């Protein structure tokens, strides 16, 4: 990913974008009851915490494009993956605007919360006026589509979230590249069935984990994997992607019945952005807020791992590559051990920066004891080991609970964290509940008891 040019949105007929300059994250009732070291991300150039230019930093993610064409390996990678997907018998038809707007089996309705994007964001018009569940009225949207068309600029916001002190001082705030309700709808109509098939099929055939339910899915994964697990982390995956990987992606879509509209992929690759008062053009890089960012990122990651394997181990049997990805995150396996470090090397050549799994100092042997996926670990239940516990570190929860954006969502926020934490074990969960109930706010929450959660879990399978 790389920015071709950037300039005053006025110089090209685009209005300025008002981006709130103050975070919505303030200390929560449990701020001093739990330990945390994260603070809200820098939102403006002025943040006294900054130690380098904000503009430079928030864009540093676009390290450039490393490859040009789609080589032999990539092509083979494409064939193999496209091969697997073929077996899912994916419906290639388009999705009727209605099902695409309000949802259908395999696809959730649009999220009334997220930005409507341009031009609406600048017109004040919000989704709540265009959509409206009850009737599933296509008319207003249908109208707006003809009126404003598609392939509209991406509105860019700084993501308001908790970050390390380092990523605070270094202005390393993440950015949200929001898509227009139109493009979002168009794409959902174009790929809606692809999206559905993936959500309904997390596993090693789609190589996707998108849509998955950790509480159930974790037990299925170990069975799907091969003997030897191999993993690593990406650094700026999304932004590091080069045009070639997008072309490779289209080659797959094409091979499975979507050549029809692979054009949509072109705007993810080459895209138009509006950030504040400026406008820029990016070559490469997967935008964060588009319909299908997750899935396409996962499909591409599936192409990548195959590639680096075909390029490093001539003769490698891709059919025994069992991997599951969720955007840049991934968990893979092969009958034989492989060198993560070696693969990471071939990676640089493809414009990917790969480092030891979970910020390890070095690439080490991946095991069921240390491997993570979505920050979560794998732990077989003591009483019934054939049931695997998706285990997220308590630290992650402690951090999240020390802050709040809205007091009205405290019940929901804590309840959620509880559904995550209890997997750490009864002793741990109860200490957690104890502390929560050590201040007025918590004592007023409707939190589930361990035994309740654990039994429900057992029956869920």
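Residue numbers count along the first chain shown, from 1.
Trainee: If you take the mean CA temperature factor per stretch, which one wins between 211-219 and 341-349?
Mentor: Here the higher of the two C-alpha B-factor means belongs to 341-349.
Trainee: Which has the higher mean CA temperature factor in the PDB entry, 93-101 or 77-85?
Mentor: Between 77-85 and 93-101, it is 93-101.
Trainee: Can you tell me which of 404, 430, 424, 68 has the maximum CA B-factor listed in the PDB entry?
Mentor: Among 404, 430, 424, 68, the highest C-alpha B-factor in the entry belongs to 68.
Trainee: Maximum C-alpha temperature factor per the entry, among 320, 126, 306, 283, belongs to which one?
Mentor: In this record, 126 carries the highest C-alpha B-factor of the candidates.
Trainee: Residue 376: which third of its chain by C-alpha temperature factor?
Mentor: Ranked within chain, residue 376 CA B lands in the lowest tercile.
Trainee: Using only modelled residues of the chain, where does the Cα B factor of residue 247 rank: lowest third, middle third or highest third?
Mentor: It belongs to the lowest third of the chain when residues are ordered by C-alpha B-factor.
Trainee: Name the third of the chain's ranked CA B-factors that contains residue 332, choosing lowest, middle or highest.
Mentor: Its C-alpha B-factor, which the entry lists for residue 332, ranks in the lowest third among residues of this chain.
Trainee: Which third of the chain holds residue 435 when residues are ordered by C-alpha B factor: lowest, middle or highest?
Mentor: Lowest third.
Trainee: Considering only modelled residues of the same chain, in which third does the CA B-factor of residue 112 rank: lowest, middle or highest?
Mentor: CA B-factor rank for residue 112: highest third.
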